[PDB]
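The primary structure of each chain is shown beneath.
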Amino acid sequence: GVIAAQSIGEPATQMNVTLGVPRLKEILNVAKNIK
DNA sequence: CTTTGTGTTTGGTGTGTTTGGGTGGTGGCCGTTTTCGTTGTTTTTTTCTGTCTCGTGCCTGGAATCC
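Residues numbered from 1 in each chain as written, not as in the entry; some residues may be left out. Chains lettered and ligands numbered in written order. Part of a larger assembly, values for the part shown. Heavy atoms only, no water.

Method information in the entry identifies cryo-EM as the source of the structure, with 3.2 Å recorded as the resolution.

Spelled out as structure tokens, the structure:
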């Protein structure tokens, strides 16, 4: 679990469809409406 | 067939008169109503008792989203 969390979070440090950090934020903070 | 005009008859009421009686102004007898003295009273004025009110010692007083 820690390994998976790090393997997912580390690539986020290097990054009209919403993509990248705002889209990952929508996904993890499960939103009732999206951009 | 049957309505009104009255023919005739009878009851209600407008006047007049005599009579009488239910009842109207005075009188004088009596216990009623009224006024004075007595008793309770209550509430308004005066009084007896503690918050306000103004001077001290000290020592605290001051940029979106989701739930």
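Q: Explain the overall build of chain A to me, please; I cannot follow it from the model alone.
A: Scanning chain A from N- to C-terminus turns up 2 helices and 0 strands. With the principal axes as the frame, chain A shows a C-alpha extent of 30 × 20 × 10 Å. Buried positions account for 6% of the 35 residues belonging to chain A. By element, 62% of the accessible surface of chain A is carried by carbon and sulfur atoms, the whole surface being about 3,400 Å². (Helix = DSSP H or I, 4+ residues; strand = E, 2+ residues; numbered from the N terminus. Buried < 20%, exposed > 50% of the residue type's maximum accessible area, 1.4 Å probe, protein only. Areas by Shrake-Rupley, 256 points an atom, 1.4 Å probe, with all protein chains shown as cover.)

Q: Could you clarify how one ought to interpret the pattern of salt bridges in this entry?
A: Pairing of side chains with opposite charge becomes possible as their charged atoms draw close. Taken as a whole and assessed by the stated rule, the structure comprises 1 salt bridge. One salt bridge in this structure joins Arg23 and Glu26, with 3.4 Å as the shortest N-O distance. Of this pair, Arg23 and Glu26 both sit in helix α2 (residues 20-28), separated by 3 residues, roughly a single helical turn. Look at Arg23 and you get partly exposed, because its relative accessible area is 28%. For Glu26, a relative accessible area of 18% translates into the label buried. (Salt bridge = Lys/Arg side-chain N within 4 Å of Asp/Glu carboxyl O.)

Q: I keep staring at the environment of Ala4 and nothing clicks. Help me out?
A: Following the sequence through the fold, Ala4 ends up in helix α1 (residues 2-12). When the C-alpha positions of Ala4 and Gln14 are compared, they lie 17 Å apart, and in sequence the two are 10 residues distant.

Q: In this structure, what is going on with the environment of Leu19? I would like to understand it.
A: In this structure, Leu19 sits in the loop between α1 and α2. Taking C-alpha positions, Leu19 is 15 Å from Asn29, a pair spaced 10 residues apart along the chain.

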